[PDB]
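Next up is one chain by itself, shown in structure tokens, the form deposited in one PDB entry.
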């Protein structure tokens, strides 16, 4: 029983959902870690986590206690006694993936949480199979431009030495090349991964927007390279609806944001390979990818073309050029009928999602630090929205980058 207030509306929501959290958020009563990106770090161990999810699943359909429930427990309980684990019924698999997304406190997009396509890839055994499932995921999810949310779930962690992992952080990312002069070409955030792919035999075309290969690890084996068919990689070239010099900037971005490095936790099961894809919020590309200094850093480039007074910072030349960039992104995706959402709509829809969640569910964990868009913050409704943040399962956790943890054969 905890209240959260919206200061712009004076609307007030009561939160009971948080009482059903059990994972430490990293904060204590003495020190908040709300801006820390990574705050926290057998039989009588896995069955509790399994028992809880199944209990939770049958509650979402009122079969709480019914003989299937009581039997599912014993079925799961004895699978652990022999096979040291258990497998999720298809329904449970789809419920858990939709509910890791429902519980993603950092995701502004969760108004769509129940509209999730779940591709079960738990029979997969090789990287070539991993490539096939992902190729199908990307095609389905891209859908000619009318994007659809989707997750593909590979076999669960079995012993750690047989993890399925997508080594790319995202299914679709541009390469990053260290330069002779010491600078960088392409996406700098990816230089390390690009160098891994080159070391692994990828032939870099050494351009600004080179689509990285899929680096796929199945059953703990060494990873393997695959080039996604380019006809599956929808890209949008960035032009501006006013500045006709903007296309001259040579900018483009891919259309499909697809997170492949996170871990999906259902009932004590760890799916170390579970790429999930949505559609972009415009700011992600226009603010973070294009303007972050550690990224494509086009701010200075745009202002030069914009005539702005880059003398002093109080001219706000960065802010002005920033807005124009994000106009050009939103307008380029919509000109190509590729799904995209601006931060105004997306935050507005998230306010409504919060209302919905407090009403039907009694709460909705949200990370204000991540929900508020990286530009124009206070002119969006989530800025004025108090948010409780807490960790419900099923969930997407982070996990160590595989190369830091993989013994090569």
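Residues that one form lacks are left out of the comparison. Numbering follows the first chain given and starts at 1. Here, rigid core means the biggest group of C-alpha atoms that superpose within 1.5 Å across both forms.
One more form of this protein exists, namely the form deposited in another entry; it is left out here, but the text below deals with it.
For the residue set 307, 146, 297, 313, core-aligned C-alpha shifts between the shown form and the other one reach 2 angstroms or more at a single site, 297. In this overlay on the rigid core, residue 288 has a C-alpha that sits 2 Å or more away from its partner position between the shown form and the other one. Note: the CA-CA distance for residue 176 and residue 291 contracts in the other form relative to this form, by 3 angstroms or more. In the other form, the CA atoms of residue 288 and residue 249 come closer by at least 3 angstroms compared with the shown structure. Taking residues common to both forms and aligning the rigid core, Cα displacements of 2 Å or more over three or more consecutive positions between the shown form and the other one occur only in 286 to 297.
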